[PDB]
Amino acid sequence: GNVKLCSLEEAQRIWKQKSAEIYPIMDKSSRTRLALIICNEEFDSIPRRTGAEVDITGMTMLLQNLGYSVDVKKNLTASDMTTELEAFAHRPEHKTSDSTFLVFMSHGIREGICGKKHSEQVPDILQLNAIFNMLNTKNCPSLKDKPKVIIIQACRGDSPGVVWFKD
């Protein structure tokens, strides 16, 4: 809808130029695209991510507009997530899909995403390397040779990341 559509002319030209160096997309009538959105708004310790609802509404709608099936999950923990991710790599719809969109939205540390039960005393994070593990050609051979885009919205530390310099 809101997503600017691609005319047949352009769709043809683009494929006309890149043809062999572009991922083949399944037929619009048969493919069953799946997208997963895990976003923690409330936390046992860390301050609630006030305003997360507007992001959930944003992505879901967008991905769904890109022709994906969005299954939204909320306030999970390291485990709950690592369990929810495995059940996804298993989904049968992937077999008849051309790609998938993963979307994580939560607080975070240098190490990774923060589950809803994370704390200084008792950590609850999900390393990024793990997410890549649950969906590789070994634990999810259905997505093999298909683009898997992973989006993450979380702090990667404390520093502001800006450095002073005079002009």
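When you see a residue number, it is the position in the sequence shown, counting from 1.
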query: 20 to 28 or 143 to 151, whichever carries the higher mean Cα B-factor; finding: 20 to 28
query: Which of 1 to 9 and 158 to 166 has higher mean CA B factor, as the PDB entry lists it; finding: 1 to 9
query: Given 100, 60, 121, 40, the residue at which the Cα B factor reaches its maximum; finding: 121
query: Within-chain third of residue 55 by Cα B-factor, per the entry; finding: lowest
query: Third of the chain, ranked by Cα B-factor, where residue 65 sits; finding: lowest
query: Relative C-alpha B-factor of residue 130, binned into the chain's lowest, middle or highest third; finding: middle
query: Residue 48 by Cα B-factor - lowest, middle or highest third of the modelled chain; finding: highest
query: Ranked against its chain, the third holding the CA B-factor of residue 33; finding: lowest
